[PDB]
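The structure appears below as structure tokens.
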Ligand SMILES: C=C(C)[C@]12C[C@@H](C)[C@@]34O[C@](Cc5ccccc5)(O[C@@H]1[C@@H]3C=C(COC(=O)Cc1ccc(O)c(OC)c1)C[C@]1(O)C(=O)C(C)=C[C@@H]41)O2
Ligand SMILES: CCCCCCCCCCCCC(=O)O[C@@H](COC(=O)CCC)COP(=O)(O)O[C@H]1[C@H](O)[C@@H](O)[C@@H](O)[C@@H](O)[C@@H]1O
Ligand code: NA
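Residue numbers (the deposited numbering), protein chains in the order written: chain A, 504 to 582; chain B, 193 to 603, 627 to 752; chain C, 583 to 603, 627 to 685; chain D, 686 to 752; chain E, 344 to 423.
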């Protein structure tokens, strides 16, 4: 429960790495579906750039608000 | 005294004053202590990167800066060795400069700083009636008033500009006078010496041309006589000239627009002038447009030289000067390319044209509602749009790279086409099925839906929310910045003035007291303000 | 403010365009106004040279009007 | 956002602290300069005659009341 | 997450003989309005196991005031 309610940046970085590794396995398994994994890594990788907006008060507060919105309001609205 | 460089000059009198021990100070003065001994070690200097405490280096300034009125009086009027009230430290600062220096605009600090300043002026008048302390300048050429204005010490400035002294033989030290008072109504007079105009450091010039790092530069113009004075200068003199400038700029842009719109379409400039009316008008418009470009170019150079911004103040402040200069740069580059027989001059010209119209917003100052609105636009661009565009571009590029990787041997299959096609979602034109040149349709549609939700649904509404948070907070800041913008406009108009007009000097030369310390009578260019109050009859 | 931006960028774009269907202040003004109502084409013509300049002008216009000014309007109406 | 502005400021300070600690724990170079603030003698009088060196961190303050 | 007790301890100063050594905030030198304090930092910056910074930053996210505890003066200045 602590694994998800907080420390969500580390989870996102880990999920990126999982997508990369599944892409590697599918690449050597002679399956074209590795591309499907790779792009999800790639997109996710670029999005994780926002992690480095910590250490800047303005940008960091902006990214913190994105996290809070995704957790509360986007989920309620999407339901 | 100490001889090491760090505590150099500190002597027992400094320690005695520092300890607040009246008895030891009296004893040391009795025994021949030097009341002019300057503590000029490194510790007693400003030196922001090191510990220390600047107080003007002198025992009198040390007492004044530490809220010890009794020691100040004793040092000034003791029998054994009176202190020189007009003394100056290594920086040239007198005691009053020191009192300005220690100010920090907190209530408790400002209270004693203003009171001690007042007391020193009273004593200076009583001991030296012919001496004018407030006209002494330090090594920077700044009087205590000019120093207070330049350093942003709004509390001290607000004290000084409306200082009123109700006692004999110190009336002439006042700067706020009451001329007549009938019922609840009375007409006061503000001095305005060295506010409106003076040798170098006019208070208005010092505030307006501040280096953007001064703490209260936006707030200082709220001090009463300054706000009223700028409104008076505006209404009487500058409103008309500013409107004329705006009209001329509008004519300039209309001529530029017409000259550009009817450019000839054949290749390889320059184009032969045809002997017809339309072409004489076109080439006339071109010449005027290039002329205006040259004018703004040289105005930009003049601004740069007259201010000499230090490559950070060059960009963090004075955006309008940069924008007008860049417009002129595009115009000149366009001229060069035109006569270099390159069609790329069109590429330059249109950029100038676009900037030329957007710089029209410069003239929204001079209208309170539009001026404040334009300031809010500026702050939105600098804060919210910049943050949003960073985050948005990160998202856009990330998902464009993913989608273009997924696409293979398609029409799009390129960063430009896919980036453009995903950007179309932001402007409400996203196709959502723009290609089928892939395998794994589920992956493609998932990527697009994730992109749409993250950018279109979450980020844009978040931008709206944050802009709402911002406007709630920048109302007063926007009004203050607009007032400062108009103040700069007023000063620049009056420094140009183009006619050697003396009416720009406002307020009229009235006699305040007519009795200085000597028999002469004092005329002091006062500014009249009527007030009404229904208490304190 | 919106009309100032609209006219400025309309004049820039129509100056860039040459011998096209649009090539006129009215048509280009209308075509840029379509961005405001969420119908902006963003590739409505190719009768020019310097495609980079054309797209840069449109992106600048969109960013300044659509993203900044309309959302700023919503914020200001909310304050009012 | 009007309700989480302040909480956001605090969270920003928090994860900057987390970054600092992770950097110091990784450090990849056997750098000992990360132990800052310098070993100063605080009191010089422990319960016995010894003096205490306590790695103190200096903070300057200015106050215009309570002379 | 007992921020009140932490705020007391980290800047504890006891003014009497034979209890000075218990303080964690010491005043080295003083002038007029200026004076320089010294904070102890034992078991804040580093120690055997439970540095205060490690305990706060790696809190379990159920600690009530974890966001606020870093506002206590010596901690915030140390982190900067
Ligand atoms: C919360 C979980 C871990 C999450 C992980 C993935 C699948 C993710 O989809 C979500 C579910 C989702 C899907 C579609 C729209 C919204 C949300 O949201 C995030 C997660 C949603 C994100 C949000 O991006 C961010 O939060 C940037 C960021 C902000 C703060 C941070 O501290 C941070 O640390 C890296 C990263 C981006 C994706 O990882 C991404 O780029 C892709 C392709 C899908 C997004 O699952
Ligand atoms: C291709 C097309 C691109 C056009 C891009 C630009 C669009 C905006 C154009 C709007 C024109 C408005 C203008 O002409 O300039 C605006 C600034 O707008 C911007 O933000 C430009 C961002 C770059 C006001 O400039 P100002 O000189 O008043 O600056 C203030 C100081 O004077 C004052 O003393 C204070 O220190 C205050 O803090 C300062 O801010
Ligand atoms: Na649409």
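The beta carbon of each residue, even a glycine, is placed where N, CA and C say it ideally should be.
Asked: In its own chain, which residues sit with a C-beta less than 6 Å from the C-beta of residue 594(C), not counting the 5 before and 5 after it?; Found: 662
Asked: Is the CB of residue 561(A) under 8 Å away from at least one CB in chain B?; Found: yes
Asked: When the Cα atoms are used, what is the spatial distance from residue 643(B) to residue 673(B)?; Found: 15 Å
Asked: In the DSSP output, which residue or residues are listed as bridge partners for residue 738(D)?; Found: 726(D)
Asked: What is the rounded straight-line gap between the Cα of residue 464(B) and the Cα of residue 680(C)?; Found: 53 Å
Asked: Output the boundary residues of the alpha helix (DSSP H) element that contains residue 372(B).; Found: Element bounds for residue 372(B): not the alpha helix (DSSP H) but the beta strand (DSSP E), 368-373.
Asked: At a CB-CB cut-off below 9 Å, which residues of chain B make contact with residue 514(A)?; Found: The contacting residues do not exist; residue 514(A) stays about 17 Å from chain B at best.
Asked: Report all residues from its chain with a CB closer than 6 Å to the CB of residue 428(B); omit the five preceding and five following residues, and keep chain order.; Found: none
Asked: Kindly indicate which three-state DSSP category residue 478(B) falls into: helix, strand or coil?; Found: helix
Asked: When the cut-off is 8 Å and only beta carbons count, does residue 694(D) lie next to chain A?; Found: yes
Asked: Should residue 407(B) be flagged as near chain D, meaning a C-beta pair shorter than 8 Å?; Found: no
Asked: Cβ of residue 492(B) within 8 Å of Cβ of residue 520(B)?; Found: yes
Asked: Could you check the C-alpha separation between residue 376(E) and residue 641(B) for me, to the nearest Å?; Found: 57 Å
Asked: In chain order, what residues of the same chain have a beta carbon less than 6 Å from the beta carbon of residue 408(B), not counting five sequence neighbours either side?; Found: 344, 346
Asked: With which residues is residue 745(B) paired in a DSSP beta bridge?; Found: 379(B)
Asked: Flag residue 520(A) as yes when its Cβ comes closer than 7 Å to any non-hydrogen atom of ligand 1, and as no otherwise.; Found: no
Asked: Using a Cβ cut-off of 7 Å, which residues of the segment 356-379 of chain E contact any Cβ in chain B, in chain order?; Found: 374, 375, 377, 379
Asked: How close, in whole Å, do the beta carbons of residue 702(B) and residue 422(B) come, if the pair is a contact with beta carbons under 8 Å?; Found: 5 Å
Asked: Assuming residue 397(B) is part of the alpha helix (DSSP H), what are its boundary residues?; Found: 395-400
Asked: Compute the Euclidean distance between the alpha carbons of residue 602(C) and residue 481(B), then round it to the nearest angstrom.; Found: 25 Å
Asked: Between the C-alpha atoms of residue 587(B) and residue 527(A), what's the straight-line distance to the nearest angstrom?; Found: 24 Å
Asked: How long is the line joining the alpha carbons of residue 314(B) and residue 250(B), rounded to whole angstroms?; Found: 20 Å
Asked: At 8 Å on the CB atoms, spell out the chain E contacts of residue 245(B), in chain order.; Found: 374, 375, 376, 377
Asked: Interface residues of chain B around residue 744(D) at Cβ under 8 Å?; Found: The contacting residues do not exist; residue 744(D) stays about 11 Å from chain B at best.
Asked: Could you tell me how far apart the beta carbons of residue 523(B) and residue 505(B) are, in whole angstroms, since I believe they sit closer than 8 Å?; Found: No, residue 523(B) and residue 505(B) are not in contact; Cβ-Cβ is about 26 Å, not under 8 Å.
Asked: Give the residues of chain B in contact with residue 545(A), contact being defined as C-beta atoms less than 8 Å apart.; Found: 590, 593, 594, 597
Asked: Work out the CA separation of residue 737(B) and residue 361(B) for me, nearest whole Å.; Found: 14 Å
Asked: Chain E beta carbons: is any one of them nearer than 8 Å to that of residue 505(A)?; Found: yes
Asked: Cβ of residue 702(D) less than 8 Å from any chain E Cβ?; Found: yes
Asked: Do residue 584(B) and residue 438(B) have their C-beta atoms within less than 8 Å of each other?; Found: no
Asked: Which residues does DSSP pair with residue 385(E) in a beta bridge?; Found: 389(E)
Asked: For residue 403(E), which residues in chain A fall below 9 Å Cβ to Cβ?; Found: 505, 509
Asked: Jot down the residue ranges of each uninterrupted alpha helix (DSSP H) in the segment 412-461 of chain B, minimum 4 residues, whole runs only, in chain order.; Found: 416-425, 431-453
Asked: Count the CB pairs spanning the segment 241-256 of chain B and the segment 288-295 of chain B that are closer than 8 Å, and state whether there are at least three.; Found: yes
Asked: In whole angstroms, what separates the C-alpha of residue 511(B) from that of residue 495(B)?; Found: 12 Å
Asked: Mind checking the segment 730-742 of chain D against chain E and listing, in chain order, the residues whose C-beta falls within less than 9 Å of any C-beta there?; Found: 730, 731, 732, 737, 739, 740, 741, 742
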